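Colleague: Got a structure here, written out as C-alpha cells. Questions coming.
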Amino acid sequence: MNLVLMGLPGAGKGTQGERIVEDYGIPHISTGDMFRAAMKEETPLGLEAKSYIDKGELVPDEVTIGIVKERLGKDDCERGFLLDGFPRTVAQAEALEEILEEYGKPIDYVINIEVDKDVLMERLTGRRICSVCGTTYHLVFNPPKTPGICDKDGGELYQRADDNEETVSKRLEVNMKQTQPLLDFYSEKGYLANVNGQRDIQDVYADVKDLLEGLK
Ligand SMILES: Nc1ncnc2c1ncn2[C@@H]1O[C@H](COP(=O)(O)OP(=O)(O)OP(=O)(O)OP(=O)(O)OP(=O)(O)OC[C@H]2O[C@@H](n3cnc4c(N)ncnc43)[C@H](O)[C@@H]2O)[C@@H](O)[C@H]1O
Ligand SMILES: [Mg+2]
Ligand SMILES: [Zn+2]
C-alpha cells in the first residue's frame with residue numbers, strides 16, 4: 001500500500017492521513033513535519049529549510065528529495081507508506097519515480113484532496129495544533145472539547161508560525177502553480193485519484209477508504 005497525499009495548503013492531508021495510518025499501519029511521511037522537527041532540534045537541515053518554510057516558499061528540491069529517499073528506505077516502509085506533502089513539484093515526482101524504482105515500490109495511488117482555494121485561508125488561520133501529538137483542530141469546524149488543549153493528551157494547542165494571512169497567501173500562491181502539472185503528471189501515470197475534500201472529515205475519509213480497500 002504505497003500512497004501519496006497531495007492538496008493545497010490546509011486541504012486536510014494531515015487530518016486524512018491520521019485515519020489512513022490508523023486503519024492500515026503504514027508510516028505517515030510528511031516532509032513538512034520532518035522539516036519542522038529538524039527546525040526544533042536545530043539540525044543543519046532544519047536551519048536551511050527554515051528560511052524557506054518561514055516565508056511560505058518551497059524548500060529546494062535536491063535536499064528535500066534527499067531526505068525523502070532516505071526515509072522511504074527504512075524497514076517500516078516494507079508494507080507500504082503514506083507520503084504527505086511530497087512530491088509538490090514535477091521534479092520531485094520524477095525523482096520519486098527513480099527512488100521507488102530502485103526500492104521496487106511503485107505508487108498505488110496519488111490521492112488529491114481537492115478543496116477550493118477560497119476556503120483555505122479560513123482553514124489555516126483557524127487551525128490549532130497539539131504541541132504534544134501534532135493532531136490538528138479548527139476553532140470552528142473541528143474544535144477541541146476544552147479550548148486550548150488536546151482531547152487526547154491534554155497538551156497545549158498552538159498556532160503554526162506560517163499559519164497567518166500573509167504566509168498562507170504565499171503558500172497558496174507557491175503551491176497553486178505546481179498543482180495542475182502534478183495532476184497532469186499522475187493523470188498520465190494512471191493512478192491519480194481525486195477526492196472531494198469539502199465535506200465532513202469522516203465522509204472525506206470514506207472516499208479514501210474505498211480506494212485503500214483494494215490494497216491489501
Ligand atoms: N516536498 C516539499 N518540497 C519543498 N518544500 C516543502 C515540501 N514539503 C514541505 N515543504 C515546506 O514545508 C512547509 C510546510 O509543509 P506542510 O506542513 O506540508 O504544509 P501544507 O502542505 O501547507 O499543509 P498543512 O499542514 O498546512 O495542511 P494540511 O493539508 O495537512 O491540513 P490539516 O489536516 O492540518 O487541516 C487544516 C485545517 O483544516 C481543518 N480540516 C481538516 N479537514 C477538514 C474538513 N474536511 N472540513 C473542514 N475543516 C477541515 C483542520 O482541523 C485544520 O484546522 C511548506 O510550506 C514548504 O515550505
Ligand atoms: Mg499537515
Ligand atoms: Zn495531542
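Identifiers for the C-alpha cells are assigned positionally: chains receive A, B, ... in sequence, residues are indexed from 1 per chain, and ligands are indexed from 1 in the order shown.
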Could I get the residue neighbourhood of ligand 3 at 9 Å, counting only C-alpha atoms and all ligand atoms, as a PyMOL selection string?
Modeller: chain A and resi 129-136+149-157
Colleague: For N, CA and C atoms, I'd like the residues from the last selection saved as a PDB file, in the first residue's frame.
Modeller:
```pdb
ATOM      1  N   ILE A 129      -2.931  23.383  16.640  1.00  0.00           N
ATOM      2  CA  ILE A 129      -2.260  22.078  16.662  1.00  0.00           C
ATOM      3  C   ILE A 129      -1.764  21.610  18.045  1.00  0.00           C
ATOM      4  N   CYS A 130      -1.825  20.296  18.313  1.00  0.00           N
ATOM      5  CA  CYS A 130      -1.352  19.738  19.601  1.00  0.00           C
ATOM      6  C   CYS A 130       0.174  19.835  19.656  1.00  0.00           C
ATOM      7  N   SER A 131       0.678  20.535  20.662  1.00  0.00           N
ATOM      8  CA  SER A 131       2.114  20.706  20.832  1.00  0.00           C
ATOM      9  C   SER A 131       2.760  19.377  21.206  1.00  0.00           C
ATOM     10  N   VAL A 132       1.938  18.422  21.617  1.00  0.00           N
ATOM     11  CA  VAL A 132       2.454  17.119  22.019  1.00  0.00           C
ATOM     12  C   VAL A 132       2.338  16.069  20.924  1.00  0.00           C
ATOM     13  N   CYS A 133       1.177  16.010  20.289  1.00  0.00           N
ATOM     14  CA  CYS A 133       0.943  14.984  19.288  1.00  0.00           C
ATOM     15  C   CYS A 133       0.888  15.360  17.811  1.00  0.00           C
ATOM     16  N   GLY A 134       0.785  16.649  17.514  1.00  0.00           N
ATOM     17  CA  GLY A 134       0.712  17.068  16.129  1.00  0.00           C
ATOM     18  C   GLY A 134      -0.680  17.090  15.514  1.00  0.00           C
ATOM     19  N   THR A 135      -1.658  16.409  16.115  1.00  0.00           N
ATOM     20  CA  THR A 135      -3.013  16.402  15.558  1.00  0.00           C
ATOM     21  C   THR A 135      -3.568  17.823  15.507  1.00  0.00           C
ATOM     22  N   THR A 136      -4.411  18.095  14.512  1.00  0.00           N
ATOM     23  CA  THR A 136      -4.966  19.432  14.332  1.00  0.00           C
ATOM     24  C   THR A 136      -6.446  19.582  14.622  1.00  0.00           C
ATOM     25  N   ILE A 149      -6.566  23.016  24.523  1.00  0.00           N
ATOM     26  CA  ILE A 149      -5.931  21.749  24.867  1.00  0.00           C
ATOM     27  C   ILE A 149      -6.409  20.570  24.029  1.00  0.00           C
ATOM     28  N   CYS A 150      -5.497  19.633  23.792  1.00  0.00           N
ATOM     29  CA  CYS A 150      -5.783  18.446  23.001  1.00  0.00           C
ATOM     30  C   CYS A 150      -6.702  17.466  23.727  1.00  0.00           C
ATOM     31  N   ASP A 151      -7.672  16.926  22.995  1.00  0.00           N
ATOM     32  CA  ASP A 151      -8.632  15.958  23.526  1.00  0.00           C
ATOM     33  C   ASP A 151      -7.966  14.660  23.984  1.00  0.00           C
ATOM     34  N   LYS A 152      -6.903  14.272  23.288  1.00  0.00           N
ATOM     35  CA  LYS A 152      -6.205  13.025  23.577  1.00  0.00           C
ATOM     36  C   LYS A 152      -5.238  13.012  24.753  1.00  0.00           C
ATOM     37  N   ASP A 153      -4.340  13.990  24.798  1.00  0.00           N
ATOM     38  CA  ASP A 153      -3.307  14.022  25.827  1.00  0.00           C
ATOM     39  C   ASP A 153      -3.278  15.231  26.762  1.00  0.00           C
ATOM     40  N   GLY A 154      -4.185  16.183  26.576  1.00  0.00           N
ATOM     41  CA  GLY A 154      -4.195  17.357  27.435  1.00  0.00           C
ATOM     42  C   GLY A 154      -3.108  18.381  27.128  1.00  0.00           C
ATOM     43  N   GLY A 155      -2.371  18.171  26.040  1.00  0.00           N
ATOM     44  CA  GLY A 155      -1.315  19.096  25.665  1.00  0.00           C
ATOM     45  C   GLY A 155      -1.857  20.415  25.145  1.00  0.00           C
ATOM     46  N   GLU A 156      -1.066  21.476  25.285  1.00  0.00           N
ATOM     47  CA  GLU A 156      -1.477  22.800  24.826  1.00  0.00           C
ATOM     48  C   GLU A 156      -1.472  22.898  23.305  1.00  0.00           C
ATOM     49  N   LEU A 157      -2.471  23.585  22.763  1.00  0.00           N
ATOM     50  CA  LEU A 157      -2.580  23.757  21.323  1.00  0.00           C
ATOM     51  C   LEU A 157      -1.895  25.060  20.928  1.00  0.00           C
TER      52      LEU A 157
END
```
Colleague: Find the residues around range 199-202 of chain A up to 10 Å (only C-alpha atoms counted), leave out those fewer than 2 positions away in its own chain, and share them as a count of residues only.
Modeller: 14
Colleague: Neighbours of ligand 2 at 8 Å or closer, counting only C-alpha atoms and all ligand atoms: which residues, as a short mmCIF file (atom, residue, chain, number, x, y, z; two decimals) with N, CA, C and O atoms, in the first residue's frame?
Modeller:
```cif
data_model
loop_
_atom_site.label_atom_id
_atom_site.label_comp_id
_atom_site.auth_asym_id
_atom_site.auth_seq_id
_atom_site.Cartn_x
_atom_site.Cartn_y
_atom_site.Cartn_z
N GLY A 10 -3.67 23.44 3.73
CA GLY A 10 -4.90 23.37 4.50
C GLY A 10 -6.00 22.47 3.98
O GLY A 10 -7.07 22.40 4.58
N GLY A 12 -6.27 19.39 4.15
CA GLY A 12 -6.58 18.30 5.07
C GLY A 12 -5.74 17.05 4.99
O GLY A 12 -6.17 15.98 5.44
N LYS A 13 -4.53 17.15 4.44
CA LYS A 13 -3.67 15.98 4.32
C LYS A 13 -3.42 15.32 5.67
O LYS A 13 -3.52 14.11 5.81
N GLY A 14 -3.06 16.13 6.66
CA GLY A 14 -2.77 15.58 7.97
C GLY A 14 -3.98 14.91 8.60
O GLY A 14 -3.88 13.82 9.17
N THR A 15 -5.12 15.57 8.50
CA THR A 15 -6.36 15.07 9.07
C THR A 15 -6.71 13.71 8.47
O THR A 15 -6.97 12.75 9.20
N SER A 30 5.44 12.93 6.30
CA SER A 30 5.15 14.31 5.94
C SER A 30 6.45 15.10 5.90
O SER A 30 7.14 15.24 6.92
N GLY A 32 6.76 18.26 5.53
CA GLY A 32 6.57 19.46 6.32
C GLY A 32 6.89 19.17 7.78
O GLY A 32 7.59 19.94 8.44
N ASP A 33 6.38 18.05 8.28
CA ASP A 33 6.62 17.66 9.67
C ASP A 33 8.10 17.37 9.90
O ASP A 33 8.66 17.74 10.93
N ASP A 84 3.15 12.47 2.48
CA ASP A 84 2.29 13.62 2.73
C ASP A 84 2.99 14.94 2.41
O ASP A 84 3.89 15.36 3.12
N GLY A 85 2.59 15.61 1.33
CA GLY A 85 3.24 16.87 1.02
C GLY A 85 4.45 16.70 0.12
O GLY A 85 5.18 17.65 -0.14
#
```
Colleague: Looking only at strand (DSSP E or B) from DSSP on the backbone, list the matching residues of range 7-200 of chain A as a PyMOL selection string.
Modeller: chain A and resi 28-30+81-84+109-114+127-130+136-138+142+149+156-158+192-196
Colleague: Please, what distance in Å, to one decimal, runs between CA of residue 117 in chain A and CA of residue 181 in chain A?
Modeller: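 Result for CA of residue 117 in chain A versus CA of residue 181 in chain A: 16.7 Å, one decimal.
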Colleague: How many Å lie between CA of residue 184 in chain A and CA of residue 170 in chain A, rounded to one decimal?
Modeller: 22.9 Å
